[PDB]
Visitor: 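Below are the structure tokens for one structure; questions will follow.
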Amino acid sequence: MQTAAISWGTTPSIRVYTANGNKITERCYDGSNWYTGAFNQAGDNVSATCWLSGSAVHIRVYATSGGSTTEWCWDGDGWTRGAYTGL
Amino acid sequence: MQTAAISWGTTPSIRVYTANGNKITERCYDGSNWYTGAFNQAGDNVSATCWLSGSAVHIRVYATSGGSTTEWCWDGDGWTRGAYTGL
Amino acid sequence: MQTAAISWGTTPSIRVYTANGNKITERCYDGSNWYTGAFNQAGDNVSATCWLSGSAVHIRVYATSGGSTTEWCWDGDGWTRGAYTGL
Ligand SMILES: C[C@@H]1O[C@H]2Oc3ccc(CC(=O)NCCCO)cc3S[C@H]2[C@H](O)[C@@H]1O
Ligand SMILES: C[C@@H]1O[C@H]2Oc3ccc(CC(=O)NCCCO)cc3S[C@H]2[C@H](O)[C@@H]1O
């Protein structure tokens, strides 16, 4: 089982991505309880990065299954596929 | 052997967590020598994130042993168990 | 195959490091196309962190081959070795 972690803001918000048995899922903290997020994509390995534009968070999740990495994007309104390609 | 890296400030401070044979340990840089930090917990996989409240650092380490992730918290005065749970 | 991701600035810039078959490479984004960066070092495991000095980026990549981690540094003038040692 393999994790990636990100955080942002003053609360802060935390997102932990877990790769287990070719599935990546998301646990979320926003200052109250941990909860399961919307992110569900295939992968045996994950890494993640985020930034703020004002108060709006932007997340990029790099999901790898075998020899292929797909980027998944949060920009305020659902997970969308990004334009990232490997070597 | 697997690592996680975080940094903060402009010095910078860096922490590198290393999972080796089910033990996670911490190496630290604050502007002079690398040194062994107080973090010592079980795990074969590690991720970490951090934030600053003014000058005070807050670190969260996600230590995974098998199919269980535990969150470890630095808030200025020792490593404490965090409230994180998985799915 | 294993990745590490970092980002900085408002654009933002992103760097994704991929460990594949004991080789770590780098895919870069700066606001248009994804492109291949200069990073090329050995490892089966990678972590990375970055910070700004003003708006100029400093990157540290932790490349692990078997039992030992080597730090690689970007400070604006090519990839250089760092002084990191383990336990
Ligand atoms: C932050 C960086 O972004 C990218 O920027 C450059 C800049 C220069 C070069 C050429 C070179 O090596 N000359 C520099 C010094 C030679 O003494 C390549 C890259 S690619 C990629 C870097 O790897 C790294 O991510
Ligand atoms: C943030 C840091 O950036 C770099 O900083 C320095 C500074 C001084 C030296 C030479 C020295 O005086 N002692 C190092 C010999 C210890 O055995 C080397 C480095 S490399 C790299 C650091 O590791 C770390 O990333």
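Every chain is numbered from 1, with letters handed out A, B, ... down the list of sequences. Just so you know, these numbers use all the heavy atoms, side chains as well, and skip hydrogens, waters and symmetry mates. Note that ligands are numbered from 1 as they come in the structure, with each ligand's atoms numbered from 1 the same way.
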Visitor: What protein heavy atom sits nearest atom 3 (O) of ligand 1, and how far off is it?
Guide: C/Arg15 NH2, 2.9 Å
Visitor: Using a 4.0 Å heavy-atom cut-off, say whether B/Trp34 meets ligand 2 through its side chain, its backbone, both or neither.
Guide: side chain
Visitor: Fit a plane to each ring of C/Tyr62 and C/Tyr84, take the angle between them on a 0 to 90° scale, and name the class: parallel (under 30°), tilted (30 to 60°) or perpendicular (over 60°).
Guide: perpendicular
Visitor: Identify the protein heavy atom lying closest to atom 16 (C) of ligand 1, giving its residue, its atom name and the separation to 0.1 Å.
Guide: C/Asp77 OD1, 4.1 Å
Visitor: Within the 4.0 Å heavy-atom shell around C/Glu26, which atoms of ligand 1 are there?
Guide: 21 (C), 22 (C), 23 (O), 24 (C), 25 (O)
Visitor: Any idea which part of C/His58 is under 4.0 Å from ligand 2, heavy-atom wise: side chain, backbone, both or neither?
Guide: neither
Visitor: With only distance considered, is C/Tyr62 within less than 3.5 Å of ligand 2 through an N or O on each side?
Guide: no
Visitor: Between A/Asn22 and A/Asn20 (side chain of the first, backbone of the second, donor and acceptor by atom type, cut-off under 3.5 Å), is there such a pair?
Guide: no
Visitor: Which ligand 1 atoms, with their elements, are less than 4.0 angstrom from a heavy-atom of C/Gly37?
Guide: 20 (S)
Visitor: Is there a polar contact, in the sense of an N or O pair closer than 3.5 Å, between C/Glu71 and ligand 2?
Guide: yes
Visitor: Give a yes or no answer on whether the side chain of C/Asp44 reaches the backbone of C/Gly66 with a donor-acceptor pair at less than 3.5 Å.
Guide: yes
Visitor: Before signing off on this row, confirm whether C/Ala83 and ligand 2 have an N or O atom pair separated by under 3.5 Å.
Guide: yes
Visitor: Would you confirm whether any non-hydrogen atom of the protein falls under 4.0 Å from atom 13 (N) of ligand 1?
Guide: no
Visitor: Counting only heavy atoms from other residues, nucleotides and ligands, does the tally under 6.0 Å from CG of A/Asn33 exceed 12?
Guide: no
Visitor: Provide, to 0.1 Å, the distance between atom 1 (C) of ligand 1 and the closest protein heavy atom, together with that atom's residue and name.
Guide: C/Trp74 NE1, 3.6 Å
Visitor: Look only at interatomic distance and state if C/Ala38 has a nitrogen or oxygen under 3.5 Å from any nitrogen or oxygen of ligand 1.
Guide: yes
Visitor: Short list, please: which atoms of ligand 1 are under 4.0 Å from a heavy atom of C/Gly78?
Guide: 14 (C), 15 (C)
Visitor: Give me the ring orientation class for B/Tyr17 and B/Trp79: parallel if the planes are under 30° apart, tilted from 30 to 60°, perpendicular past 60°.
Guide: perpendicular
Visitor: Quick check on contacts: which atoms of ligand 1 are under 4.0 angstrom from a heavy atom of C/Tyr35?
Guide: 4 (C)
